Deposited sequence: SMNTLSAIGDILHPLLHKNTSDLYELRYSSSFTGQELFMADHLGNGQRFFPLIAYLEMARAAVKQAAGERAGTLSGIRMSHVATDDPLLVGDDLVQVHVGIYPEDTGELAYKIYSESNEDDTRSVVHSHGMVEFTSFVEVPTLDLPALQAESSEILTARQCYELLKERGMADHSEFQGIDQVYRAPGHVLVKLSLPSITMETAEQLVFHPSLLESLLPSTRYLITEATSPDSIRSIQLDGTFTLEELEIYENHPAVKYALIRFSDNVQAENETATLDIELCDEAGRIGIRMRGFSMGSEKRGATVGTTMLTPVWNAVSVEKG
């Protein structure tokens, strides 16, 4: 009796429209190497939770002005996290993810019909590259740098580098059909993108659990993500496009910035 992996119950009352979840650190998006301990709630989990709440409270979705300022910590004690949905304008809602009361994440949401879903010309992007790296080669090069370095690159098949962009070929871990049916964002996507963004950042020229995102457009439900095209947006701010095998974009993130120490 659970609405979504990240939205367990509708706990709306006289004073508020909201959803509540209780997390131990062992759940799907929380899923970590050999058990748990204290840690930051995953970045994508905030977007996926907010999206799931908005869809319950109601095809194309646009989230704007998203900000995770005070990170939610999980894996130490049992946390009860709430997602409130509030009015903003005629075609716009506000959301807040909060616990205990501390607001961890907030943003605006619109429901819209995307008249032109964008695409990527994958063969052209691939032919333009100056280097193509295996998953090991990325790790080996990131380990060299002092600021940047990570653990696993299990989701990365190969990385196509060009001046101004990285095109990552993904092989995200297997998730059950019934569980993947409720999700848009895969629970392992951040573990693949983060080393890839660091690879873009280090070639041009730590995480504290915070981030900001100017805009997020979701063009279809249940998008198949085989590639991620990462660029600098026109402190490091990025534009990320996630597409299928054919280049049809399912998710676009514009003005994405992760906070560091």
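Against the full deposited sequence, the model leaves out several stretches, namely 1-9, 68-74, 117-123, 229-236, 266-272, 300-322.
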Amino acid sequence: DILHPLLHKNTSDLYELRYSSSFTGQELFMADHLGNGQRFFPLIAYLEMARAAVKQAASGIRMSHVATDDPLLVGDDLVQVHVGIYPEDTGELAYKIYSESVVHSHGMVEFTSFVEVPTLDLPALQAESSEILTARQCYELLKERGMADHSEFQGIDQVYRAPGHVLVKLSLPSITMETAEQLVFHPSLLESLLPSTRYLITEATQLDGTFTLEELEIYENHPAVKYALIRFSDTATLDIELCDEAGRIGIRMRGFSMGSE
From here on, numbers count along this sequence of modelled residues.
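In this entry, 172-180 has the higher mean Cα B-factor, the comparison being between 74-82 and 172-180. Per-stretch averaging of Cα B factors for 29-37 and 49-57 places 29-37 on top. By the numbers in the PDB entry, the CA B factor is greatest at 203 among 69, 208, 217, 203.
The PDB entry assigns the greatest CA B-factor among 154, 105, 112, 99 to 154. In the deposited entry, the Cα temperature factor of residue 64 sits in the bottom third of values across the chain's modelled residues. Ranked against the other modelled residues of its chain, the C-alpha B-factor of residue 93 as given in the entry falls in the lowest third. In the PDB entry, residue 213 places in the lowest third of its chain by CA B-factor. Among the modelled residues of its chain, residue 23 has a C-alpha B-factor that falls in the middle third, as given in the PDB entry. Among the modelled residues of its chain, residue 225 has a C-alpha B-factor that falls in the middle third, as given in the PDB entry.
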